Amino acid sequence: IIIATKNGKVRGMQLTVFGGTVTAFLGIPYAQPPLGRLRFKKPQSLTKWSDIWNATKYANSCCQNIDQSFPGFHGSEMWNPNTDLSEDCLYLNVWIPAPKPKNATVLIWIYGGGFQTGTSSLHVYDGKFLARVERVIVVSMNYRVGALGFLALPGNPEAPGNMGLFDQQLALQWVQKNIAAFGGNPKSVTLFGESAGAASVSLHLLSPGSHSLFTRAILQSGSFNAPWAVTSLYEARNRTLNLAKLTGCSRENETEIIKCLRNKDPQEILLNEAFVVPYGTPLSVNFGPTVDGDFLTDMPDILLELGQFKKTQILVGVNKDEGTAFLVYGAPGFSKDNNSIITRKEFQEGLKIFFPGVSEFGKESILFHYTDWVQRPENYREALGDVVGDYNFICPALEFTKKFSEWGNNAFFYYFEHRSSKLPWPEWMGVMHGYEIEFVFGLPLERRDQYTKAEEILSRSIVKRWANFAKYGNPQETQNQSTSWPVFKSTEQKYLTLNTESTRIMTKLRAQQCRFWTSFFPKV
């Protein structure tokens, strides 16, 4: 099966899925390889080829450091790249239903990884189930991460910042230009992403250059107002300068720093990324989105507050235990291989790990809010995970949702509270960050895969809600006497819970905690 695109012909492959067929185009190029003089620059448009480009396997993932904390452990290693790393990584994937759809709604996935890691080729991002079951087209792209994606010297087109966000945007344009040839509708495009991919989705809502490149947006565990999501101009300069220093690239002409940096081996850039900050945390985002005056015209908090964003429906959600994953990457007394009962003093040390440049009064105030017990051995263990999850993910998603909904548009908020029966991490970690993704992509619809029946049904329903959101702007499941998902409004603040037992309409998720993070904490 060959499809003609604006730039040339591409050949896909056929896949058998659930007694049916999906056509996959894995590894289509969508920009000039950002090599040599192009390193650190905005992606450049691709020139046409003749002959048939073979899109029959996943392409290279972008250069990135890897999680080596737990070698041989599936819980961590499932997130590591499963394709060669290369600066030559600007590729995308298309999954289309078979037979070819006529005008299918398009779902475009943006992976997370803290803007430092990730790739579109992970097993948990495999778009074939969605294409099979919902007759949507799924698109996913690789975008540059780390310094190669986000090194910033404000205004300097040699290293303008946000390059990885421009990679995402050029791929959204590729879909606008090319997806009708695959039977897709460019006027019915939903972005969806998780963590940094969700924060990325939220920034496309703010970027004028992305306005016309999509219809609706889904934000899983992330948004651009999360404390890790946007690098200040101040931090970004300092970090670019530290990178320069660490690589023998300290200069006077700023364009001489970049020219020098362009001569370094990709691997020398990667090795030095960790150290550009004096004290990092497990949630460090050394190189991330900045206000560059191009993709992002002003501090995004100001844009959100004042209603300067694309007016459309949003679907937003978080997981019950967002913060737990992070505790075993540096918090004292924690371990994936025991129940991690910590003491008051370990808790206090843990705050120091997660809030390194925060005043002592700042830290005691967290302690004060989070240690008024209602004792129980796991009090402290549980509080630290909640601290981390509320501050970094839940309260920001909830605030993003209130502020966005205040300008008129329908918003839907979910609280995912199901722990995978296959989860390789311990029980105390609960409903972890990243672990709704496999339900969204329909992995439990595969009966061979060892999930329970209740999980198949949960996945089926979520897949239907996401597809209905995408096609119709309303994440209902209308056929099986399902709980109706109410609009989230800043007054009532209704949200839907997602779980195998009984799905509920509830109100004001984390009301007390978020008042602390959102109103008070930003003052310290």
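Each residue number is its position in the shown sequence, starting from 1. C-alpha atoms forming the largest set that superposes within 1.5 Å between two forms make up the rigid core.
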(request) Could you tell me which of the two stretches, 276 to 284 or 301 to 309, has its Cα atoms lying farther from the shown structure in 9 other deposited structures of this protein after fitting on the rigid core? (result) 276 to 284
(request) If the chain runs straight from residue 374 to residue 375, say none; otherwise bin the unmodelled deposited residues as 1 to 3, 4 to 9, or 10 or more. (result) 1 to 3
(message) Tell me which stretch has the larger mean Cα B-factor in this entry, 396 to 404 or 325 to 333.
(response) 325 to 333
(request) Would you tell me which stretch averages the higher CA B-factor in the PDB entry, 40 to 48 or 24 to 32? (result) 40 to 48
(request) Would you mind checking which of 126, 167, 84, 446 has the top Cα temperature factor in the PDB entry? (result) 446
(message) So if I compare the CA B-factors in the entry for 390, 77, 252, 194, which one is the largest?
(response) 252
(request) Would you check the entry's CA temperature factor for residue 310 and let me know if it's in the chain's lowest, middle or highest third? (result) lowest
(message) Based on the deposited C-alpha B factors for this chain, I'd like to know if residue 507 is in the lowest, middle or highest third.
(response) lowest
(message) Please place residue 380 in the lowest, middle or highest third of its chain according to the CA B-factor in the PDB entry.
(response) highest
(message) Quick check for you: using the entry's CA B-factors within this chain, is residue 236 in the lowest, middle or highest third?
(response) highest
(message) Split into thirds by Cα B-factor across the chain's modelled residues, where does residue 263 land: lowest, middle or highest?
(response) highest
